[PDB]
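Here is the structure we will look at, set down as structure tokens.
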Amino acid sequence: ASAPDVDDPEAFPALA
Amino acid sequence: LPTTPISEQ
Amino acid sequence: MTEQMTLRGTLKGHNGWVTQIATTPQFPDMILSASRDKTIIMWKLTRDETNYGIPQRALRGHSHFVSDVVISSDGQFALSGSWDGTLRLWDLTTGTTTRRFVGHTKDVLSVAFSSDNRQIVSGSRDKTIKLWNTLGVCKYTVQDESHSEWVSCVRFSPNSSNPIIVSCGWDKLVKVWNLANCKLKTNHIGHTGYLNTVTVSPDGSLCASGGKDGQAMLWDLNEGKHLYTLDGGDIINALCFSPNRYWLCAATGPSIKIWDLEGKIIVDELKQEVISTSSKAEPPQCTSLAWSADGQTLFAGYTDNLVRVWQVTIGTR
Amino acid sequence: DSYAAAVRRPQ
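Residue numbers (the entry's author numbering), protein chains in the order written: chain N3, 393 to 408; chain RD, 218 to 226; chain Rg, 1 to 317; chain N2, 609 to 619.
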């Protein structure tokens, strides 16, 4: 699998 | 066992 | 007026080895400490004469030794790892596990929070590094070019301009990973023993590694070159950079050695007040270190279930 | 300066 897109906001949601 | 610190890119 | 460190007090309440200590810049009066009693104590720094701090809350969800704990930038959450193989995200307001991170098949040895808190990285005894999001989903698993032994410490670089992850392991290697593609960037060789900890300076330009061989090597993270090696003289269990001074603190055996990075000299050596007892047992080992937000206080965890507090006092000559 | 620069400075 390719490395996840860091800038992608849905792939890496903010912590809240 | 290493003797000197060597790093490679 | 050389700076010196004095014992201000100890934090009591843990029932196992204090494995990690975490502090947050947002809350100067709150620290977290993991332990082998499977709990994390949230402390209240009362700074009273009787006690420097008392336990305020306990995070009780892990079924084995808690290895690592980190607080969020906001200071409201705490990520933790354990020998149960899972990570737990704690809401510090209520003390409940918001989320669980599953996928590691062996004991989790280190967990780190990204600078922007949008990424999570963990190292485990199954020789792999896993990258998670805040929803508990393992986005990537680093198995190519990974450590051949246990991954003992994983850290993020505070510099956002340099998105890298530093990782040490028992294969005596320090690996720098490019976070953009989760691929190996540098491979630092030179340690003759297994590595226990890696720490990155507040500017994300220097990395310190240490472990069994007792040597604290400093590697440039901008240029990927070895810089200096400091003789700890004992197994390095924890490493820390002062947030405001050019200092490197190492938990070498039962004592803590502070090094002035400018002069490559020892500023102070923090030895516990060894009682004049006939016991031949080795003194407790310092296993964790943490600097406070302002950098005037240092918290050290030991194998006698205590968190000793050291103050940066201006010592007149 | 930087932390790496501090180490780079000769004693």
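Note that beta-carbon positions come from the ideal geometry of N, C-alpha and C, so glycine has one too.
Query: Residue environment, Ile314 (chain Rg), which counts as buried when at least 16 other CB atoms sit within 10 Å; Result: exposed
Query: Contact residues within the stretch 130 to 146 of chain Rg, judged by C-beta distance below 8 angstroms to chain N3; Result: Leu131, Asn133, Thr134, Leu135, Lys139 and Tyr140
Query: Euclidean distance between Cα positions of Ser157 (chain Rg) and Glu402 (chain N3); Result: 23 angstroms
Query: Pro28 (chain Rg) Cβ short of 8 angstroms to the ligand HEM heavy atom set; Result: In the structure shown, the ligand HEM is absent, as is every other ligand, since no ligand is present at all.
Query: Limits of the unbroken alpha helix (DSSP H) element including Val307 (chain Rg); Result: Counting along the chain, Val307 (chain Rg) falls outside any alpha helix (DSSP H), though it belongs to the beta strand (DSSP E) covering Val307 to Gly315.
Query: Nearest residue (CA-CA) to residue 593 (chain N2), options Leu306 (chain Rg), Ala300 (chain Rg), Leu135 (chain Rg) and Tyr228 (chain Rg); Result: An answer regarding residue 593 (chain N2) cannot be provided, because it is not within the stretch 609 to 619 covered by chain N2.
Query: Endpoints, alpha helix (DSSP H) assigned at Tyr611 (chain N2); Result: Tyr611 to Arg616
Query: First and last residue of the uninterrupted beta strand (DSSP E) at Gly301 (chain Rg); Result: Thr297 to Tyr302
Query: Spatial neighbours of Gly233 (chain Rg) in its chain, beta-carbon cut-off 7 angstroms, leaving aside the 5 residues before and after; Result: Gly214 and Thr252
Query: Proximity of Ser67 (chain Rg) and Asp126 (chain Rg) at Cβ, strictly below 9 angstroms; Result: no
Query: Top-ranked residue by Cα proximity to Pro243 (chain Rg), from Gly301 (chain Rg), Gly295 (chain Rg), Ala208 (chain Rg) and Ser276 (chain Rg); Result: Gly295 (chain Rg)
Query: Residues bridged to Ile236 (chain Rg) (per DSSP); Result: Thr252 (chain Rg)
Query: N- and C-terminal bounds of the beta strand (DSSP E) containing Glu225 (chain RD); Result: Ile223 to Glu225
Query: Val142 (chain Rg) and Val198 (chain Rg) closer than 9 angstroms at C-beta; Result: no
Query: Any chain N3 beta carbon closer than 9 angstroms to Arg88 (chain Rg); Result: no
Query: Residue span of the beta strand (DSSP E) that contains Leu179 (chain Rg), given as start and end; Result: Looking at the DSSP string, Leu179 (chain Rg) is not in any beta strand (DSSP E), and its letter there is neither H nor E.
Query: Pairwise C-alpha distance: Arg245 (chain Rg) and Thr93 (chain Rg); Result: 32 angstroms
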